[PDB]
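Asker: Before anything else, here's the structure in question.
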Amino acid sequence: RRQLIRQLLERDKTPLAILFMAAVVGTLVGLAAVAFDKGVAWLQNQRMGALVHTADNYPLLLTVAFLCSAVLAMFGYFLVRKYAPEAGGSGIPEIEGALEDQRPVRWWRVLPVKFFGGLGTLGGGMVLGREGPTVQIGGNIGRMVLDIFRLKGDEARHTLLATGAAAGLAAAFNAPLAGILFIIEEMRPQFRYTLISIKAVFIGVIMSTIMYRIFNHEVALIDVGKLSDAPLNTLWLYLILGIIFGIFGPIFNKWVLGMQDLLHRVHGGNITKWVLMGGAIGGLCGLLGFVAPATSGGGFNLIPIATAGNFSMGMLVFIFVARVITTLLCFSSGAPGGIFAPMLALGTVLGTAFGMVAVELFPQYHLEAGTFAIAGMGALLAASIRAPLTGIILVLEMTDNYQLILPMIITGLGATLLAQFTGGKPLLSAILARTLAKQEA
Amino acid sequence: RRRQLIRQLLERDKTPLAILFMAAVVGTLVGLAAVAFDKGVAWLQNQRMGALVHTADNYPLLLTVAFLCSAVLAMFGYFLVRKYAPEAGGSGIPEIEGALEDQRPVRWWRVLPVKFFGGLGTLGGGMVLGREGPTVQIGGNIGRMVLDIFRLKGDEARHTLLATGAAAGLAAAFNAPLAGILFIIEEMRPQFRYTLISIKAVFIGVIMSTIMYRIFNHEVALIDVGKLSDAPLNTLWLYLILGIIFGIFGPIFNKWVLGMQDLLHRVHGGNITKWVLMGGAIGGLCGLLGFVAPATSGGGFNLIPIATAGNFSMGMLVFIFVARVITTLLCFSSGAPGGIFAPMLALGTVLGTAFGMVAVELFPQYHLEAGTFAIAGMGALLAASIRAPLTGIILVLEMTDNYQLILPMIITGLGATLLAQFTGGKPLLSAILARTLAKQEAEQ
Amino acid sequence: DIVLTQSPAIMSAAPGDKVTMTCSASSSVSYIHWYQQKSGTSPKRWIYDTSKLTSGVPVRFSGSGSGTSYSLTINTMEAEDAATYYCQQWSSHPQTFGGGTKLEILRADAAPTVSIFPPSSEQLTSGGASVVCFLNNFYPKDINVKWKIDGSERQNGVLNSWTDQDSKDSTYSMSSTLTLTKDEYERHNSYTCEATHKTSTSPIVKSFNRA
Amino acid sequence: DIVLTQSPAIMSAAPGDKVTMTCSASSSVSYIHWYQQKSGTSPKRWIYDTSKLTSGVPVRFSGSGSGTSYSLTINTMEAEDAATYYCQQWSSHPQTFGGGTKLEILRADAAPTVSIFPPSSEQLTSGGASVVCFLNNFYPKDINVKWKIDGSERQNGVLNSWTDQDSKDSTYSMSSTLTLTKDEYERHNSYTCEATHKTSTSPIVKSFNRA
Amino acid sequence: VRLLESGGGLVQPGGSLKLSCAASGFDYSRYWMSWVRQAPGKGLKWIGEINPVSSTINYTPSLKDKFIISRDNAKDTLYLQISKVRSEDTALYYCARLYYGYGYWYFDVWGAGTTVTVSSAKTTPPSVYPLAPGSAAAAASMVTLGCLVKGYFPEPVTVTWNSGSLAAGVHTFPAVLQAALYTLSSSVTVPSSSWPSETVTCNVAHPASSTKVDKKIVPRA
Amino acid sequence: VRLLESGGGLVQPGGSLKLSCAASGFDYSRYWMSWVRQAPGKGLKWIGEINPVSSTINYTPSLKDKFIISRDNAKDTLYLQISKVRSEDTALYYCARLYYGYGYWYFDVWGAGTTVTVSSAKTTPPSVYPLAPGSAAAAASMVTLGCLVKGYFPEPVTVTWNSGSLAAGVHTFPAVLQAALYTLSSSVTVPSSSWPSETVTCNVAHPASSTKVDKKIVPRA
Ligand SMILES: [Br-]
Ligand SMILES: [Br-]
Ligand SMILES: [Br-]
Ligand SMILES: [Br-]
């Protein structure tokens, strides 16, 4: 105890030099994400203008649609398989490793590989989200500055690498809160104490967000409007929702992992069969990106339309199964790219359908399909990656319906609880464990 | 060695079901208990209302009954604490911090009733102190207690429950589930070593305690400021300046709250009577002002919407401010049972409104609304004094529902933590726990 | 669609009485509500979520229950509670209300106030006759009105209306009408109106003659 | 109060051209805006925040600068780009606007299409006599007119009225009336209409005769 | 607050009409609206509800197109279209803004009503005759005036004295039928020195024919 | 979105008027609204601005009580009162919704304007004058026609040609002010095979003098 007194009197006194560097990691991760994002846009943009040129003959345009998607795919699949094979997948668990000192932060190789690797896969319109790229990039932007200024000692090495990941999560969803939260909730060393300054994570998360704002303001990523509220006698319905998500969360983990194995057999590790199958997969997307525009893409486009309820009940089931397919293919084939964004889209759709069934099994309840959408949106984010807190503060900042905070917390804790009891595991820490185990295998 | 990590990552978040089911219990109990403590303090101010109605005539008589009742409800609580549990004096927050370090005793057989009734007295009296203090400390002892009464063994349950207790008590105290969860992980937990606290449990508790406070207190907010305006990018610098102001003053304020604890202890030398008397005097001066300048007294929550709509002349705000620094100290420094969060929200909202007012005419081109600088400064003492920005920002956000001010808010907030650390301020919670742990080993 | 069925379909009490009414239903309903329809007005939310008073619906009111039978209670009624109160559920769907428990006040006695009116000349320019008799603020509500044309009884061309119990004072009132032609009203002269009622044994007789 | 000064008060350019006007603040200012006004149309916002393009606006547009001097630029100007462009600033209250810059489409030359008109006969059962004379579709704008009563040169009754650039051909126009007393008009026969304009050394004339 | 319906009255057996409630004093969006009818002297029955975004429209166990509840968020107006009208549909119809405490759903605030009268009949504006204390005018401290409101159609008319500045001391008696026409009377009571010395005017109002009539009651001199 | 400002016209000097701007199609709160004016040929100068809830109202450096801006949030209208009108107030007046990007504010969406004429000159209808070409009707390629709408006050006349379906090659002229009177001229050019063959009318209205006239251009006998 004698020591506790000494430290209480010393708490929250992070070395100025560590603060000022968080500030720069921030601004750099910030601008970088803006770049990656302006990038991906432009690429899908061009693929549109090139579908207009082929406006006549049909199978010709199907082909061009398959083609440049396949072409942008491989570009990225190659780029990763050659110069940095850790930038394949989400990239998130790699940074958790890194904070545990268990993977290397090879920034000279990853920065460019992930950046251009993603622009490829995403520009192509594959079913992966911008975070993966932007978080991993963020960490590497952290490591790097830290090297380049030869700041010494465990604190700076963790702090900067953490503020980096945070700031790139922020800029990925315009979501400062979700960012800081992502670190303390899921990224940090889960089992030993670590010396990460939280006052610095903040500075970076601010500067990152101001960059994203400076360029991306006056339009939201999701706009659902102000939805209705949740009468107390309706809450049990969001517990039922949370149990559906929680049993299915682990089923989905088992499919993502199993698909990584069942897909690895198709190429044996072979840098060419892989890049080829990748163009096949990414080619499949560019096709559906134009034949059932709901089946393909990041997801952010159909969140509004499902939440306004403007989908027939079949169309929803269709979109859902079709998505569990396209989502797996893309993420399990180890393309560079996150899995948060498409789990938001998935939950939003399962949510909308539960809501729809609820809407007419309970005319007295005066239900709005919409609200189970916005409770389901962060639900996979808690059944699968099994970090509810972060995913709730996330959906909150995106959908701005603070009056759903109760149903949302319930559907969330419902899911984490029900995954824990049907033996699911944090899908990130699961991945990093395969990797750290396959290392001394 | 890594070999271990692989084994742990495959094991992570699998809190033993029995510790979960007990979080759901502590929750519901800390929940209901707050609602009780809450409906209580209300009735008591209400009675003191109906009693000023009866003396409608005679003015000095009125001032008298206003003074006396509050003096009388004060004492009753001062006594109740100086007698049967001297740990329930003050906020009672650092005491729960200590308890998580295992450095303080969770004497719940003494504290549950002493804090509950001790507060009802001081609050019902209309002193300048917040529900939190009482409801958080009570929440912890509601935890400890259900832990002992079910003889659950091992470090984890004794930490978890003790933590999901405190959380649920803070969510019920501001209708703020997220601010709760966040409070433990940012501020309550052991700040220097690893601890074994189930986050998925704190959540179960903080839900149950919120459904209780919902069941009973729905369809009116504690703060309603409506949908304020936005912050254009070229506006932001101004909340950094706001943040510097808060940050230089945050420690000056901590130096005051501490100095007043000493300068106050001189007046009674620790003597259970001089104390309970000085207490009636302070709680008396409150019930008076509760009625002569109803802004200078009370919890704060009432003047937040009025100051935020800008409906106070510029003088009035300076007056309320100085006057409230005076009333907030006297109450919290004299170590009556009761938190210091609520009055810091009020204090910041005022300095926020005033800064915004000056800004509103210094920059007509900016199209400012003094109101936004209110909602920036509301959590700003919560950051320069208690030094716990993240918690206070999720707080302010859940009460004021203005998510479009999240940027200015964080800035003002971070501005303040930064400036308070460079002007050598310390976390006001951990500073008190430190005086207490150090004054414990100061009898060898 | 649940059928809610209300107790004392009409019920009468003295101010100071503890009145209770009743809503029973075909299935289980829960958290039912209660509307207050003061006379010739639109109804008003009075008790909601079975046992919750609306705002400024006096403390004297309450309600409760569970399951299939619930009950409104006026703990000490007042003369102003005179109304027809409805229960209602949306525990299930469609929501549906009771049928009424039309509450009536009992007060001390109170005798008519009679007035009689000559066919207003411009009703005669059309060629009708209306001899008009108001009987204001009397309790009980039983009242016998008789018309005499030249000491001589008349029955035909005669109609009567009653007001409802008054919300505040609890009395009733009565308007009797007698109609003829420019013809019939010109040919006689003694126009009289007659009122027996609990509070005098001898008719309160009122009239006039054209001259 | 900040005074913005526009560059070319008026200016012409051929369709396909790099075009550049200039906001020249009296003190410092930052992030100025640009607005476009077509004849009798209400102003549109064109460029905001020194270079961001109002969504809708053709990509050929692009302004910038800073400190004391800014500038809007059309990159290959067009048909539809004839307007008036105003720069506005709100960097310091109260906000202010420019003199305007008048952007007129430059084109081929053209001949006045002169038509003289004898006073209506409606106008003559009234004692006024106005002889109109349109001088249509010319380029450039600079025209001159001279009236004449029986070869004698005139100046009084002469009200002149140019139009602005026709949208569908880029020519100017110009009506000119000569008004007179009625007899003042009969007491003469010839009424001529001479029009001196850049594309011919001696005038274009045109007349009529009463009798 | 205040909802205030209209367009009631006369309808042919077999055809149909459009009722309309004009809201004022609340964010009329956000709110589920509703219709409730009162049969002549009888029970309260639900017709239907419409949600804020015109996107849910539960009615009552009724038929084909008996009811078409529509709304108009920008005008602040609810709508009712009873089509195929027999005499069950004669009533006082009510508009009403719904709500909840525990999400067991109640009827927050009720309209004022308009009466739809199903008959082959025809609209008669009311004849209004002043009733004054006659030849016998033997005045006591208080004094009873009144106006006969006769032979109009259909229900209702409404009647106030000195434009509702006389609330005190007034009675209006239920109208009574009489071969396709309606007759009520009103009666007011005033201090005997307050009239004829000052003015007393009844204000008769039959909205079914948008016809008002203001009878100053003149001493029978 | 649309901004429709009404209520301009002819004011006597020294008197005053209350322009109104009526706004549909966007959430009329959240936004600042601002008036701006244009003296015919001449700058844009800003009158003032009002916030969404009327708590901040700024004007241009101008005489003490020259302008009263206000806004009625519920009727979705912005007003502007000008008082003691001298002639510098003779201009066209536009309302405008304010916004920003980075927050250096701009005028987002303007309306059509309305014109304010400050003069002691009286309302005077115009005379319409067919203009059929020379005694010697020089019929060549394209024959030129016109009318004279002379001697009215104040602006505007609007002149269209054959109910406006002669649109291309019509030439309406600026009016002129002379001895407190206005005069303008229009000219339509048609295919020489059209006239005197099928019929060619000029439509003048001066709505100010409640004048509607359709002057049929015919050849001079
Ligand atoms: Br991965
Ligand atoms: Br991810
Ligand atoms: Br304390
Ligand atoms: Br506290």
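Labels for the structure tokens follow display order: chains A, B, ..., residues from 1 in each chain, ligands from 1.
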After least-squares alignment of chain C to chain D over all Cα atoms in order, what RMSD do you get?
Answerer: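 It comes to 1.9 Å after superposition.
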Asker: Grab the Cα RMSD for chain F fitted onto chain E, all atoms paired in sequence order, one decimal please.
Answerer: 2.2 Å
Asker: Excluding residue 29 in chain F and residues on its chain fewer than 3 positions from it, collect all residues at most 9 Å away from it, counting only C-alpha atoms, and give them as a PDB file with N, CA and C atoms, in the first residue's frame.
Answerer:
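Saved file out_29.pdb follows:
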ATOM      1  N   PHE F  26     -38.321  22.706 -46.823  1.00  0.00           N
ATOM      2  CA  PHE F  26     -37.156  22.470 -45.951  1.00  0.00           C
ATOM      3  C   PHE F  26     -37.483  22.849 -44.532  1.00  0.00           C
ATOM      4  N   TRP F  32     -30.761  30.075 -40.224  1.00  0.00           N
ATOM      5  CA  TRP F  32     -30.871  31.525 -40.198  1.00  0.00           C
ATOM      6  C   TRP F  32     -31.502  32.001 -41.502  1.00  0.00           C
ATOM      7  N   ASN F  51     -31.857  34.640 -36.604  1.00  0.00           N
ATOM      8  CA  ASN F  51     -31.569  33.237 -36.278  1.00  0.00           C
ATOM      9  C   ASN F  51     -32.823  32.361 -36.286  1.00  0.00           C
ATOM     10  N   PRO F  52     -32.825  31.136 -35.761  1.00  0.00           N
ATOM     11  CA  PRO F  52     -34.047  30.361 -35.941  1.00  0.00           C
ATOM     12  C   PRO F  52     -35.174  30.638 -34.943  1.00  0.00           C
ATOM     13  N   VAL F  53     -34.849  31.168 -33.778  1.00  0.00           N
ATOM     14  CA  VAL F  53     -35.805  31.325 -32.702  1.00  0.00           C
ATOM     15  C   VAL F  53     -35.927  32.788 -32.296  1.00  0.00           C
ATOM     16  N   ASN F  73     -42.127  31.310 -36.912  1.00  0.00           N
ATOM     17  CA  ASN F  73     -41.673  29.941 -37.122  1.00  0.00           C
ATOM     18  C   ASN F  73     -42.742  28.977 -37.549  1.00  0.00           C
ATOM     19  N   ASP F  76     -44.016  29.565 -41.093  1.00  0.00           N
ATOM     20  CA  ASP F  76     -42.835  29.430 -41.981  1.00  0.00           C
ATOM     21  C   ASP F  76     -42.590  30.690 -42.798  1.00  0.00           C
TER      22      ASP F  76
END
Asker: Compile the residues of chain A that lie within 12 Å of chain F, evaluated using only C-alpha atoms, and express the compilation as a PDB file with N, CA, C and O atoms, in the first residue's frame.
Answerer:
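Result file follows (selection-v5.pdb):
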ATOM      1  N   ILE A 210     -10.719  15.444 -36.940  1.00  0.00           N
ATOM      2  CA  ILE A 210     -10.657  16.749 -37.596  1.00  0.00           C
ATOM      3  C   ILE A 210     -10.211  16.681 -39.062  1.00  0.00           C
ATOM      4  O   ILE A 210     -10.705  17.445 -39.873  1.00  0.00           O
ATOM      5  N   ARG A 213     -13.061  15.262 -40.918  1.00  0.00           N
ATOM      6  CA  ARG A 213     -14.113  16.261 -40.968  1.00  0.00           C
ATOM      7  C   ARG A 213     -13.775  17.267 -42.065  1.00  0.00           C
ATOM      8  O   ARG A 213     -14.547  17.424 -43.019  1.00  0.00           O
ATOM      9  N   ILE A 214     -12.599  17.886 -41.964  1.00  0.00           N
ATOM     10  CA  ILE A 214     -12.133  18.871 -42.936  1.00  0.00           C
ATOM     11  C   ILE A 214     -12.466  18.500 -44.396  1.00  0.00           C
ATOM     12  O   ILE A 214     -12.668  19.388 -45.234  1.00  0.00           O
ATOM     13  N   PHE A 215     -12.578  17.201 -44.688  1.00  0.00           N
ATOM     14  CA  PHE A 215     -12.788  16.742 -46.057  1.00  0.00           C
ATOM     15  C   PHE A 215     -14.144  16.097 -46.282  1.00  0.00           C
ATOM     16  O   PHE A 215     -14.654  16.120 -47.386  1.00  0.00           O
ATOM     17  N   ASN A 216     -14.739  15.524 -45.249  1.00  0.00           N
ATOM     18  CA  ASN A 216     -15.896  14.643 -45.460  1.00  0.00           C
ATOM     19  C   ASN A 216     -17.199  15.093 -44.821  1.00  0.00           C
ATOM     20  O   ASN A 216     -18.164  14.319 -44.745  1.00  0.00           O
ATOM     21  N   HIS A 217     -17.225  16.347 -44.376  1.00  0.00           N
ATOM     22  CA  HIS A 217     -18.377  16.878 -43.650  1.00  0.00           C
ATOM     23  C   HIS A 217     -19.590  17.124 -44.586  1.00  0.00           C
ATOM     24  O   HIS A 217     -19.511  16.943 -45.817  1.00  0.00           O
ATOM     25  N   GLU A 218     -20.718  17.496 -43.986  1.00  0.00           N
ATOM     26  CA  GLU A 218     -21.938  17.796 -44.732  1.00  0.00           C
ATOM     27  C   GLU A 218     -22.625  16.572 -45.354  1.00  0.00           C
ATOM     28  O   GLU A 218     -23.556  16.732 -46.129  1.00  0.00           O
ATOM     29  N   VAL A 219     -22.150  15.371 -45.036  1.00  0.00           N
ATOM     30  CA  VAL A 219     -22.836  14.122 -45.377  1.00  0.00           C
ATOM     31  C   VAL A 219     -22.416  13.037 -44.395  1.00  0.00           C
ATOM     32  O   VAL A 219     -21.235  12.909 -44.095  1.00  0.00           O
TER      33      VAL A 219
END
Asker: Set the distance at 12 Å and use only C-alpha atoms: which residues neighbour range 180-193 of chain C once local chain neighbours fewer than 2 positions away are removed? I'd like the list as a PyMOL selection string.
Answerer: (chain C and resi 114-135+144-158+175-178+195-196+203-211) or (chain E and resi 134+136)
Asker: I'd like to know which of D:58, D:43, D:52, D:105 is closest to chain A, using only C-alpha atoms.
Answerer: D:52
Asker: Mind listing as a PyMOL selection string which residues of chain D are within 6 Å of chain F, counting only C-alpha atoms?
Answerer: chain D and resi 42+90-91+99+117+120+163
Asker: Measuring atom to atom with only C-alpha atoms, identify which of B:52, B:81, B:129, B:220 is nearest to chain E.
Answerer: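 Smallest separation from chain E among the options: B:220.
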Asker: Please identify all residues of chain B having at least one atom at most 6 Å from any atom of chain A, considering only C-alpha atoms, and return them as an MDAnalysis selection string.
Answerer: chainID B and resid 6 9 193:194 430 434
Asker: If you measure from CA of residue 87 in chain B to CA of residue 334 in chain B, what distance in Å do you get, rounded to one decimal?
Answerer: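 That distance, rounded to one decimal, is 13.3 Å.
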Asker: Which residues come within 7 Å of range 148-163 of chain A, counting only C-alpha atoms, excluding same-chain residues fewer than 4 positions away, as a PyMOL selection string?
Answerer: chain A and resi 18+22+99+139+142-144+167+183+195-197+200-201+204-205
Asker: Please identify all protein, DNA and RNA residues within 7 Å of ligand 2, counting only C-alpha atoms and all ligand atoms, and report them as a VMD selection string.
Answerer: chain A and resid 90 to 92 131 to 132 338 to 340
Asker: Could you list the protein, DNA and RNA residues that have any atom within 10 Å of ligand 4, counting only C-alpha atoms and all ligand atoms, and write them as a VMD selection string?
Answerer: chain B and resid 90 to 94 129 to 137 170 332 337 to 344 386 428 to 429
Asker: Which residues, written as an NGL selection string, have at least one atom at most 6 Å from residue 88 in chain C, with only C-alpha atoms counted and residues fewer than 2 positions away on the same chain left out?
Answerer: :C and (32-33 or 96-97)
Asker: Pick out the chain A residues within 9 Å of chain C. Count only C-alpha atoms. Give them as a VMD selection string.
Answerer: chain A and resid 362 to 364
